[PDB]
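Residue numbers (the deposited numbering), protein chains in the order written: chain A, 3 to 105; chain A', 3 to 105. A prime marks a further copy of an entry chain.
So the structure is just underneath, and the comments pick up after that.
There are 2 protein chains.
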Amino acid sequence: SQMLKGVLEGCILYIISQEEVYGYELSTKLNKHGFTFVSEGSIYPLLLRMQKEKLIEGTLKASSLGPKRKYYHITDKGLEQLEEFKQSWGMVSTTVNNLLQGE
Amino acid sequence: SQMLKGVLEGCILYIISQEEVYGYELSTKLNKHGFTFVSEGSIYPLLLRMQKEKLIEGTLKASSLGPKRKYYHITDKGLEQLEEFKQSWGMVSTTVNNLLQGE
Numbered sequence: 003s004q005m006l007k008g009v010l011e012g013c014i015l016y017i018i019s020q021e022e023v024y025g026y027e028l029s030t031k032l033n034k035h036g037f038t039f040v041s042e043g044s045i046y047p048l049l050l051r052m053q054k055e056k057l058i059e060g061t062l063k064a065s066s067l068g069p070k071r072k073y074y075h076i077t078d079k080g081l082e083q084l085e086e087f088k089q090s091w092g093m094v095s096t097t098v099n100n101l102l103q104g105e
Numbered sequence: 003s004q005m006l007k008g009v010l011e012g013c014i015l016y017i018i019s020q021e022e023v024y025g026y027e028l029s030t031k032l033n034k035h036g037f038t039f040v041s042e043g044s045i046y047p048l049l050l051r052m053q054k055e056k057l058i059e060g061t062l063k064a065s066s067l068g069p070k071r072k073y074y075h076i077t078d079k080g081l082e083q084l085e086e087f088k089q090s091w092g093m094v095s096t097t098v099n100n101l102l103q104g105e
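Structure below.
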């Protein structure tokens with residue numbers, strides 16, 4: 003699971019870029035897309051840091067059901083970095099995947 | 003190129019596991035499989051460390067052409083770790099690649 007953490011910040015940015023989500027909603031999506039080890043508790047410090055670096059930002063909005071939650075959205079800086087991640091990832095993915103099938 | 007370094011040790015183990023190679027031969031293969039930034043100079047400290055951790059081992063063998071070179075081969079410990087890398091990689095690769103194609 004040591005490597006899952008390398009790409010976790012990028013996948014969090016991707017998810018948030020596509021939909022405003024609150025903490026529990028985020029980790030649930032992460033779980034169901036294959037990050038089985040993540041929990042709100044384990045990624046919390048990463049969320050605090052991504053905020054301090056202004057990649058994402060939480061705002062208190064009312065939910066479709068009424069109760070007010072802290073939804074996170076991506077900043078312009080965060081989007082720039084998301085694009086960097088997508089580019090790097092497709093590069094490394096292609097490079098490593100082609101290699102490991104040589105025989 | 004910050005992420006290319008995460009998986010570089012594993013790809014080096016893969017390559018060495020498949021063929022005994024000397025330093026220049028190794029970096030050439032790395033270049034031609036898409037690690038365009040690597041050079042003998044840049045990966046040297048990583049090779050020294052992989053040796054100190056007993057993942058790979060160099061031995062002075064004679065080349066098909068005669069001159070003696072320092073060829074590297076993988077240790078049992080190195081092979082174990084290579085299998086760990088292959089498992090982790092296929093997991094993360096699948097997880098990230100499926101995610102980044104949601105829309």
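All residues carry an ideal CB built from backbone N, CA and C; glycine is no exception.
- Comparing alpha carbon positions, the residue from A/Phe87, A/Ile17, A/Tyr73 and A/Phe39 closest to A'/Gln4 is A/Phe87.
- Contacts with chain A' at 8 Å (Cβ-Cβ) include A/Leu102.
- Buried is the label assigned to A'/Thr97, since at least 16 other Cβ atoms lie within 10 Å of its Cβ.
- A'/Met5 has a beta carbon lying within less than 8 Å of a beta carbon in chain A.
- Bounds of the alpha helix (DSSP H) holding A/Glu27 are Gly25 to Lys34.
- Annotation for A'/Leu62: no alpha helix (DSSP H) segment contains it, though the beta strand (DSSP E) segment containing it runs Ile58 to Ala64.
- Around the beta-carbon of A/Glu11, 16 or more other beta-carbon atoms lie within 10 Å, marking it buried.
- Residue contact check for A'/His75 against chain A: no CB pair falls below 8 Å.
- The CB of A'/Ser95 comes closer than 7 Å to the CB of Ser95 and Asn99 in chain A, given here in chain order.
- Of all residues in the region 13–46 of chain A, only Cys13, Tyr16, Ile17, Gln20, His35, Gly36 and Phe37 place a beta-carbon less than 8 Å from a beta-carbon of chain A'.
- The three-state secondary structure of A'/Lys54, taken from DSSP, is helix.
- Look at A'/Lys70 here: in three-state DSSP terms it is strand.
- For a cut-off of 8 Å, the C-beta gap from A/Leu49 to A/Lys79 is around 16 Å, too long to register as a contact.
- The CB of A'/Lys88 comes closer than 7 Å to the CB of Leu102 in chain A, given here in chain order.
- One alpha carbon belongs to A'/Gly36, the other to A/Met93, and they sit about 8 Å apart.
- Proximity of chain A to A'/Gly8 at the Cβ level (cut-off 7 Å) is accounted for by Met5 and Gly8, in chain order.
- A/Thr77 is the residue among A/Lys63, A/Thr77 and A/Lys70 whose C-alpha sits nearest the C-alpha of A/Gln20.
- Under the DSSP assignment, A/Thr97 falls in the alpha helix (DSSP H) whose first and last residues are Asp78 to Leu101.
- Counting C-beta atoms within 10 angstroms of its own C-beta, A/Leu101 has 16 or more neighbours from the protein chains shown and is therefore classed as buried.
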